[PDB]
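Report on the following structure.
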4 protein chains.
Amino acid sequence: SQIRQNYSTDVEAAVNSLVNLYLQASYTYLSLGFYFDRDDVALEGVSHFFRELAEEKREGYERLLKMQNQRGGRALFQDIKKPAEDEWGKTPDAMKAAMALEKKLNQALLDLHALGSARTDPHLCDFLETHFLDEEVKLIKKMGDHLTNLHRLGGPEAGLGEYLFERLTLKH
Amino acid sequence: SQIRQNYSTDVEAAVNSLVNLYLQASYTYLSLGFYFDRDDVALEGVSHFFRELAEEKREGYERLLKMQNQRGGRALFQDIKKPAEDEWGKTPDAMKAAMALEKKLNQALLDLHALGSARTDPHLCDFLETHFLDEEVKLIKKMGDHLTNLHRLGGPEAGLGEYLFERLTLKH
Amino acid sequence: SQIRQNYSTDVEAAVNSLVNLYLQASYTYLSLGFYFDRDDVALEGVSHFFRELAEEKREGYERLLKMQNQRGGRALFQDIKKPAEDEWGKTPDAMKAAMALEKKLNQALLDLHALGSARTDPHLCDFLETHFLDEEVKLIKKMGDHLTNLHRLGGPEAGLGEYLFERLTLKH
Amino acid sequence: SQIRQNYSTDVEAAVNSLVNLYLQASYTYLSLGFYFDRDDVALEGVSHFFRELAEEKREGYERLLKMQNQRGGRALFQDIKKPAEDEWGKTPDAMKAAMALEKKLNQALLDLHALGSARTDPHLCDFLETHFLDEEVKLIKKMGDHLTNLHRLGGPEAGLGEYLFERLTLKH
Ligand SMILES: [Fe+3]
Ligand SMILES: [Fe+3]
Ligand SMILES: [Fe+3]
Ligand SMILES: [Fe+3]
Ligand SMILES: [Fe+3]
Ligand SMILES: [Fe+3]
Ligand SMILES: [Fe+3]
Ligand SMILES: [Fe+3]
Ligand SMILES: [Fe+3]
Ligand SMILES: [Fe+3]
Ligand SMILES: [Fe+3]
Ligand SMILES: [Fe+3]
Ligand SMILES: [Fe+3]
Ligand SMILES: [Fe+3]
Ligand SMILES: [Fe+3]
Ligand SMILES: [Fe+3]
Ligand SMILES: [Fe+3]
Ligand SMILES: [Fe+3]
Ligand SMILES: [Fe+3]
Ligand SMILES: [Fe+3]
Ligand SMILES: [Fe+3]
Ligand SMILES: [Fe+3]
Ligand SMILES: [Fe+3]
Ligand SMILES: [Fe+3]
Ligand SMILES: [Fe+3]
Ligand SMILES: [Fe+3]
Ligand SMILES: [O]
Ligand SMILES: [O]
Ligand SMILES: [O]
Ligand SMILES: [O]
């Protein structure tokens, strides 16, 4: 590139990888989104929650792609692996799947910050600090709070709790 | 003071004491406030309730400090004792702790009115009558009502009741 | 915590410590605030300056407590040590006390950034960088400017300078 | 009176006395007001301060007269004693005269509250508590603050301080 400066081939390839990971997470959220709208699941607020996460994740990869172009990197796409399940169980299960996905995304973000820090790339570090890390922290805190409210509503009287949580906590 | 008039050294020192008591109650409410926002407690409305009480208590001590200055008293600060617990249990427990704290504040207010009455200080008596006593009565009535609603929602099906009360009674 | 990730027990405890330090500074500012409103001190603008600092410091600890909850830390409170003086002298003295307090807060902030940097916690580093460090720099620069204006107004004609500075520099 | 109830002849006569005292204070403030507008005194803000006090004191006696009528008392007027001085010196002197007058008014108010308390007349006590006592406290605190600012501006460079205080503190 006529423009590339302080932009290591390692960051470029790790950014390409994080992009595939965002694409895959978006895809997972899409699947959870339509799943909770099945006539036999029918939890509109849960469906909305996950549709919104698919949308947020898309913004993630679009922003990584834009930063790749701005630094003089070359985007390279791989296949997007289908989501890990085709049925997602009940709200607690789905929510725990989502937690696990967000934890993996967060680790991948932290790993890429560590790497850019190690290649003294402060622009890349700042970029992640600004557009990604706090977003992850806030979102994980929110899923944790959700898991705590579902747990409190679970046990013997499981079905009623799931209805109430979707109705009184999730936006529909 | 060039300004002090009918202001006994006893009232002045008791006002200093009530100030430390307000500081301490504010501090207790702060602690209850963040506690109910822990990812493993996650009761936003309860957290809001107690944050608001911390704020109200701060107004209390600021008003006592201002009246101290207006009467020609000298403020004197002591250490603020940390709250009595670091974990606050469930909503009923926290609410009973709050009740007990408010009852102690009310007794301390009544005691200071008695004392100013005994030093024939009608300004101090009126000041408490106007800015403190009815506030205490209204607030204790509210915590009592809350305790009655939690009791009605308690027993075997404890977790569900706590969710509903936070959702349908507390402002979030 | 179901949510904690990359959050060292050292940062958590140092955050708890910084919280007690903010509580203590807020308390010091409260004391300076009412002091300058005594009928025998009577410098409304100075009183306003310090009341505002008490308020800002409270925002500080509330933000640290919120970040503690978001990271999955557990808040732990200690006693709040009373302010170091009960009488604060003249504006120059108070202002130098405030400078010293802000310098200690700044060092404690820098130390905690160093520590999170050493535990490769970029979220914590960014958090301080964003909500604390520049605030400290701006405020210390402002107290320094104030000290320079008081010095210029001091010396033989001390009392007049203190009146003018409160009237023509501080917001009342 | 067809209306009088729980209204002792002692309160009635003490209310008549407090009225003459308010009339006299109003008269004193009138005198201080025009004095500071003499071409050879020429302190507009000081003049305004005292004119305003004359006005406030008039409201005082009008309110006592109205309450006398409402309780079924009979107003009785005596002569109004001329003010104690015809020349009032400099701002510090006038302000100390005003302080002394307000202290005497406050004592007379406290004495009348004590008396109505002793005749178990809660209406009269409340009336004073509501329309008089806090007004006195606030005003004395304000004169004290003023005296502190004048003192700080006094000494060798007396004339300049008096100009600045009238210009930068008093409303003109
Ligand atoms: Fe959307
Ligand atoms: Fe969105
Ligand atoms: Fe967005
Ligand atoms: Fe969007
Ligand atoms: Fe399957
Ligand atoms: Fe950085
Ligand atoms: Fe509030
Ligand atoms: Fe409030
Ligand atoms: Fe309020
Ligand atoms: Fe408020
Ligand atoms: Fe414990
Ligand atoms: Fe009353
Ligand atoms: Fe009253
Ligand atoms: Fe009363
Ligand atoms: Fe403010
Ligand atoms: Fe502020
Ligand atoms: Fe602020
Ligand atoms: Fe603010
Ligand atoms: Fe001392
Ligand atoms: Fe940064
Ligand atoms: Fe930054
Ligand atoms: Fe007027
Ligand atoms: Fe008026
Ligand atoms: Fe008026
Ligand atoms: Fe008026
Ligand atoms: Fe004379
Ligand atoms: O978004
Ligand atoms: O409030
Ligand atoms: O603030
Ligand atoms: O007035």
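Throughout, a chain's letter reflects where its sequence line sits, starting with A, and its residues are numbered from 1. When reading the values below, keep in mind they use all heavy atoms of this one structure, side chains included, and skip hydrogens, waters and symmetry mates.
Only the side chain of C/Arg51 has a heavy atom closer than 4.5 Å to any heavy atom of chain B. Heavy atoms of C/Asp40 lying under 4.5 Å from chain B belong to its backbone as well as its side chain.
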Start with the C-alpha distance between B/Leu30 and C/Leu23, add both sets of side-chain angles, then the distance that settles side-chain contact (heavy atoms from CB on, under 4.5 Å), and finish with yes or no. CA-CA 11 Å; B/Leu30 183 66; C/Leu23 281 158; 4.0 Å; yes
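When all heavy atoms of B/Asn20 and C/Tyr27 are compared, the pair lying nearest together is ND2-OH, 4.5 Å. Scanning all heavy atoms of the two residues, the minimum distance from B/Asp39 to C/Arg74 falls at OD1-NH2, 3.3 Å.
Remark: C/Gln78 CD to B/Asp79 CG distance equals 12.0 Å, nearest 0.5 Å.
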Identify each donor-acceptor pair in which a side-chain atom of residues 124-132 of chain C lies under 3.5 Å from a protein atom, sequence neighbours left out, and give them as a table.
{"unit_1": "C/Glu129", "atom_1": "OE2", "unit_2": "C/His113", "atom_2": "NE2", "d": "3.1"}
{"unit_1": "C/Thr130", "atom_1": "OG1", "unit_2": "C/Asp126", "atom_2": "O", "d": "3.2"}

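Chain C is approached within less than 4.5 Å, heavy atom to heavy atom, by B/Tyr61, B/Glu62, B/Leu65, B/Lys66, B/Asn69, B/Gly72 from residues 60-72 of chain B, ordered by number.
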